[PDB]
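S.K.: I'd like to ask you about the structure that follows.
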Amino acid sequence: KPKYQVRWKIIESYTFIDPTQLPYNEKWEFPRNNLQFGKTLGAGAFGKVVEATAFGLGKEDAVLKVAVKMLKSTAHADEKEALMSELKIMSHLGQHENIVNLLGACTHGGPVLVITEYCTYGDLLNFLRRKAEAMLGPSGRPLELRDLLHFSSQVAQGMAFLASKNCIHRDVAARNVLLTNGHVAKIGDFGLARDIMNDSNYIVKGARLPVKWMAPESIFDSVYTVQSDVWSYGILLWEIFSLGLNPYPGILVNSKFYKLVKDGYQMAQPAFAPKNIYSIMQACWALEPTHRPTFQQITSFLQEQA
Ligand SMILES: Cc1cc2cc(Oc3ccnc(Nc4cccc(CS(=O)(=O)NCCN(C)C)c4)n3)ccc2[nH]1
């Protein structure tokens with residue numbers, strides 16, 4: 001039996017902020033009657049994300065497509081509190097080009113609605129898989145290596161922003177990266193729109209955990225830091241440069257798997273990774289967390305390669 005819990009954490013000193021104690025800045029408030037909902041984009045056991053037209057949003061009074069996060073009508077008070085905490089974290093962090101940004105919220109007069117940017121091309125994992133199939137078909141445009149480097153660089157920039165705000169993501173993976181206009185990548189947390197209870201990428205342990213993405217110190221000691229996010233980012237790189245294979249393909253998560261990772265087992269070079277991109281992956285998988293690259297080092301390196 002899983003609970004709906006706040007994914008991201010903010011470091012205080014590791015001491016973490018209690019997000020329930022953060023303030024909600026009413027500058028974000030938007031009238032719920034000024035949303036016209038469209039299709040549901042995804043739904044899980046606790047809520048869903050629905051596209052909508054927002055009328056008069058922002059300083060320019062834009063009329064635009066947005067995405068709206070919401071809980072099920074039957075949500076417990078504990079879950080409504082978690083959605084508010086997620087809202088407060090987004091307001092605390094500020095905006096960046098390579099994250100899925102907060103645009104507004106509806107907190108009065110009904111259930112809490114969190115309004116974010118809408119990303120026209122959906123998640124990166126499905127995008128890469130569908131593009132791979134489109135490219136094999138002949139036997140819109142095809143992917144090239146520079147596209148993969150751009151996606152990778154853009155995610156690293158968004159993560160460098162989060163790290164600069166002392167924010168830990170804890171579920172870095174291609175399924176949590178979206179592509180927007182111009183195929184620009186943005187990192188976010190879309191667990192609410194994901195069917196996690198029936199998702200083979202989350203393993204029951206202790207909690208449903210994305211074990212194949214997790215650093216050994218997270219698996220064994222439940223330690224989460226920016227450096228454990230860097231490990232997960234290395235797994236994301238492997239996803240990108242394999243065009244969306246599952247990590248550790250074909251390997252069952254069991255005691256042997258946990259031991260192998262703790263002892264230094266690493267995936268082999270993906271089919272489309274240049275040697276030095278695989279070397280970055282290996283660097284992200286250093287067993288000593290402080291030996292891993294920073295997101296700024298990753299960003300600068302990948303920007304150069306692109
Ligand atoms: C794996 C997954 C991540 C995820 C994130 C979600 O929250 C968000 C948040 C912001 N944006 C979007 N944009 C968005 C999400 C899913 C589908 C689409 C439309 S599409 O499939 O890429 N192209 C349209 C296809 N049809 C019209 C032909 C956009 N999802 C919503 C559902 C999600 N599913």
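Labels used: A, B, ... for chains in the order of the structure tokens, numbers from 1 for residues in each chain, and numbers from 1 for ligands as shown.
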When you look at residue 75 (chain A) with a cut-off of 12 Å (counting only C-alpha atoms), what residues show up, excluding the ones that are within fewer than 4 positions of it in the same chain? I need them as a count of residues only.
M.R.: 15
S.K.: Using DSSP on the backbone coordinates, identify the residues of region 51-218 of chain A assigned to strand (DSSP E); present them as a ChimeraX atom specification.
M.R.: /A:51-57,62-71,102-106,113-117,167-168,177-179,185-187,203-204,208-209
S.K.: How would the residues just chosen look if you wrote them out with C-alpha atoms as a tab-separated table (two decimals), in the first residue's frame?
M.R.:
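To be explicit, this is the file written out as part-v4.tsv:
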chain	number	residue	atom	x	y	z
A	51	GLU	CA	-4.15	19.91	-20.35
A	52	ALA	CA	-6.14	23.15	-20.22
A	53	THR	CA	-6.50	26.55	-21.81
A	54	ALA	CA	-5.77	29.33	-19.33
A	55	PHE	CA	-7.36	32.74	-20.07
A	56	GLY	CA	-5.37	35.78	-18.99
A	57	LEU	CA	-2.38	34.09	-17.37
A	62	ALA	CA	-1.67	35.24	-22.24
A	63	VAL	CA	-4.24	32.76	-23.51
A	64	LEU	CA	-2.33	29.51	-23.75
A	65	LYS	CA	-2.24	25.77	-23.23
A	66	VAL	CA	-1.02	24.74	-19.77
A	67	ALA	CA	-0.81	21.53	-17.77
A	68	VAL	CA	-2.78	21.20	-14.52
A	69	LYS	CA	-1.88	18.84	-11.65
A	70	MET	CA	-4.73	17.74	-9.39
A	71	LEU	CA	-5.66	15.00	-6.96
A	102	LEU	CA	5.16	26.79	-12.20
A	103	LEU	CA	2.76	29.29	-13.80
A	104	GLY	CA	-0.01	29.58	-11.20
A	105	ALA	CA	-2.19	27.77	-8.73
A	106	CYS	CA	-5.81	27.54	-7.59
A	113	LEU	CA	-4.81	22.90	-8.82
A	114	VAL	CA	-1.15	23.39	-9.77
A	115	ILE	CA	-0.66	25.04	-13.18
A	116	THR	CA	2.62	24.39	-15.01
A	117	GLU	CA	4.05	24.85	-18.48
A	167	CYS	CA	17.24	20.85	-4.19
A	168	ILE	CA	17.43	17.05	-4.54
A	177	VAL	CA	12.16	14.82	-18.79
A	178	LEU	CA	9.75	16.54	-21.17
A	179	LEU	CA	10.37	18.11	-24.58
A	185	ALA	CA	14.34	19.43	-22.66
A	186	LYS	CA	12.96	20.25	-19.20
A	187	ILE	CA	13.27	18.18	-16.00
A	203	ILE	CA	10.40	-2.10	-7.43
A	204	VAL	CA	8.69	-2.90	-4.14
A	208	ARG	CA	8.10	1.64	-4.70
A	209	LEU	CA	11.58	2.71	-5.70
S.K.: Mind checking which residues fall within 7 Å of residue 180 (chain A), counting only C-alpha atoms, ignoring those fewer than 4 positions away in the same chain, and posting them as a ChimeraX atom specification?
M.R.: /A:119-121,184-185
S.K.: Out of A:254, A:222, A:176, A:294, which residue has the shortest atom-to-atom distance to ligand 1 when counting only C-alpha atoms and all ligand atoms?
M.R.: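 Of the candidates, the smallest distance to ligand 1 is held by A:176.
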S.K.: Just give me the gap between atom 8 (C, counted along the ligand's line) of ligand 1 and CA of residue 126 (chain A) in Å, one decimal is fine.
M.R.: 12.8 Å
S.K.: Quick one: distance from CA of residue 263 (chain A) to CA of residue 163 (chain A) in Å, one decimal?
M.R.: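 Interatomic distance here is 27.3 Å.
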